[PDB]
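Peer 1: need coordinates for the below:
(chains A and B)
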Amino acid sequence: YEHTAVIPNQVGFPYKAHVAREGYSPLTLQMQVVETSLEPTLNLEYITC
Amino acid sequence: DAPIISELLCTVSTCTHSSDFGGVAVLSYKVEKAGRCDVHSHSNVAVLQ
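Peer 2: Numbering: from 1, shown residues only, chains lettered A, B, ... in the order given. See below for the structure:
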């Protein structure tokens, strides 16, 4: 079953997404994020001491 | 000899555009004496299993 959602990126906020699917009792999913690290790329120019 | 019932308070539940049995209809009634009774449509739109 294909279904999408738009959740916020905040640590610990419990988000709910409800699915009304046919021929079955409806369904509830919950998701929450913890370690959302923005690991950047990198490059080099020189060093100094 | 067979069950003689009345006040056939039936209903429907949910329905799909399948090609197999994907239309479910629950139907209620009053039991006067326990037995078995056979059901049948009376138009060409809906078949029963």
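Peer 1: residue of chain B nearest chain A, please.
Peer 2: Nearest residue of chain B to chain A: residue B:16, at 5.7 Å (CB to the nearest CB). To be clear about C-beta, it is placed using only N, CA and C from the backbone, and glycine gets the same treatment.
Peer 1: what about that residue, neighbour count?
Peer 2: 12 (other CB atoms under 10 Å in any protein chain shown).
Peer 1: show me the contacts for it.
Peer 2: By CB atoms under 8 Å, 6 or more residues apart in numbering or on different chains, the contact set of residue B:16 is A:22-23, B:22-23.
Peer 1: any idea how far it is from residue A:23?
Peer 2: Per CB to CB, to the nearest Å, residue B:16 is found 6 Å from residue A:23.
Peer 1: name the residues contacting each of the two.
Peer 2: Common neighbours of residue B:16 and residue A:23 (CB under 8 Å, 6+ apart) are residue B:22.
Peer 1: any idea how many residues pack against the residue nearest to residue A:26 when sequence neighbours are not counted?
Peer 2: Distances taken as CB to CB, 6 or more residues apart in numbering or on different chains put residue A:20 closest to residue A:26, at 5.4 Å, once the chain neighbours are dropped. Residue A:20 has 8 neighbours, counted by other CB under 10 Å.
Peer 1: and residue A:33, by the same measure?
Peer 2: 13.
Peer 1: isn't it right up against residue A:11?
Peer 2: Yes: between residue A:33 and residue A:11 there is a contact under CB atoms under 8 Å: 6.3 Å.
Peer 1: shared neighbours, these two?
Peer 2: With CB under 8 Å, 6+ apart, residue A:33 and residue A:11 have no common neighbours.
Peer 1: tally of neighbours for residue B:5?
Peer 2: Neighbour tally, residue B:5, other CB under 10 Å: 13.
Peer 1: what's the spacing between it and residue A:6?
Peer 2: 52 Å.
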